[PDB]
């Protein structure tokens, strides 16, 4: 009934929600841009981030699990599903004054979902949690069997 979660290492994680699998990475680089890419204001805006209808519930579940407040928190950014390059849904957790409180909350959520998670975000620098759906070109090689066989799925 809940999505299944896997931790590969401190930067690479996976979620399985029904038939869909998602690559979740913690990193210090983003190629998304507010007012160019899509701002995810409400849960149903996730439909503009993902080509599969049955994927939105799982991403929403994960957002709630991390502590995202849909009404009040900074909107997630995502790449529009009309782009062939593939899904890229992003939480900005930077240790910088504008996103500081939010990032702390989201890292606490990561810690609660993956007890082995340690904080890799540097003070005054950018830091992100980024999700790509397996099977989109934006997942590159990382949903191959040589990766996923390390997860329980």
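Numbering follows the first chain given and starts at 1.
Colleague: Do the C-alpha atoms of 118-126 or of 62-70 have the higher average B factor in the entry?
Modeller: Higher mean C-alpha B-factor: 118-126.
Colleague: Which has higher Cα B-factors on average according to the PDB entry: 141-149 or 20-28?
Modeller: Between 20-28 and 141-149, it is 141-149.
Colleague: Considering only 42, 37, 98, 85, which residue's Cα atom bears the greatest B-factor as recorded?
Modeller: Checking the PDB record, the top C-alpha B-factor among 42, 37, 98, 85 is at 98.
Colleague: Ordered by C-alpha B-factor within the chain, which third holds residue 55? Give me lowest, middle or highest, please.
Modeller: Ranked within chain, residue 55 CA B lands in the highest tercile.
Colleague: Going by what the PDB entry lists, where does residue 105 fall on CA B-factor within its chain: lowest, middle or highest third?
Modeller: Answer is lowest: the recorded C-alpha B-factor places it there.
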